[PDB]
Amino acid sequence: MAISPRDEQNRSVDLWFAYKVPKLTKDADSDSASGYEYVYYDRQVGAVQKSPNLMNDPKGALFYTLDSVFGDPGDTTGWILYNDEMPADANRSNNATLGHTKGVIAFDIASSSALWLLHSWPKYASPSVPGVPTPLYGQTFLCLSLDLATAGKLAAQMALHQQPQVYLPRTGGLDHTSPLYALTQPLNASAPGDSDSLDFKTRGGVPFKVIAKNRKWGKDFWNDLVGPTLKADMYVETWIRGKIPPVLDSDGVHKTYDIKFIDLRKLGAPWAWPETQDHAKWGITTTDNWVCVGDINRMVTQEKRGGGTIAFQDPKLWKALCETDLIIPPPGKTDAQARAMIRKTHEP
């Protein structure tokens, strides 16, 4: 069958999204959340809802998607794996100058089909080691159905800008002139400028943009590249973009107060957690329903490394993500004072 994202029932789907929760504790003897629970979204369900599965189960959209690639590949099935922190079974040291971008491009040459999985797990994925990695952080996933020509145009962009660190690839007999093949070879090309944006569509016709920075980029990825590219403002007002010092409590002791929380309780996932326990590599705009899922988090301080984000319009998913904000002030402070503390992390 044609390479495709698989949904929660192991059926082909054009696009899916997941938001995985972090590991969340009651005490030393039990957890509220293991860190493998998640909410799931695609356009056939049409709503963001808590999944009955855990991401490390041998079921659910993540497992079914990757098992349909790694499980029993045909002779023309192949994949490009990349991560700035390679998994142990690559048995290679990391090149810190390469892109800080993570994902899987899988393809089948005979059927001219492909898929792209974006994730933010270090040391993932492996084509032969089972399971999933660290459960400690909130994380987002996006999985897109592509044709082979689109996968190749994406691979051509990555060779120049994102510059992913590729490991354990399978070529599936690719012709060596393929841009997908070139992504398995050393990346040396010089890039024009410090950023690049390209328009693509899924096989099902869903438009998306891949907005990429290269190692020469030094400005604000979100406000100076993504916003301008989308012709919209990023909704950054309540972003944690730096460290907040401890604050005084009424007992005379200073404590960590998170202030900004991410809250999935309206979506059926009965948890809320500090934004500092979240990879926070997603963002939305204030208008036009853009949802961005990618490699780059919200911190002002960034390494000069390649990477990017995927942007697409989706009113349902936009509204669900918009309403996950939760602001809790430190003791004695107002909502207004709490929001000012968050904004203070946006300055140098």
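Just count from 1 along the sequence shown to find any residue number.
Legend: mean Cα B-factor per stretch from the PDB entry, 49-57 versus 287-295; the higher mean is in 49-57. Mean CA B-factor, 303-311 versus 31-39: the higher value falls on 31-39. Of the candidates 13, 336, 18, 328, the one whose C-alpha carries the top B factor in the deposited record is 13. Residue set 95, 277, 128, 214: peak C-alpha B-factor at 128 (per PDB entry).
Sort the modelled residues of the chain by CA B factor and residue 64 lands in the highest third. Compared with the other modelled residues of the chain, the Cα B-factor recorded for residue 122 ranks in the middle third.
Ranked within its chain, residue 269 lands in the highest third, by CA B factor from the PDB record. When the modelled residues of the chain are ordered by C-alpha B-factor, residue 158 sits in the lowest third.
In the PDB entry, a CA B factor belonging to the highest third of its chain's modelled residues is recorded for residue 70.
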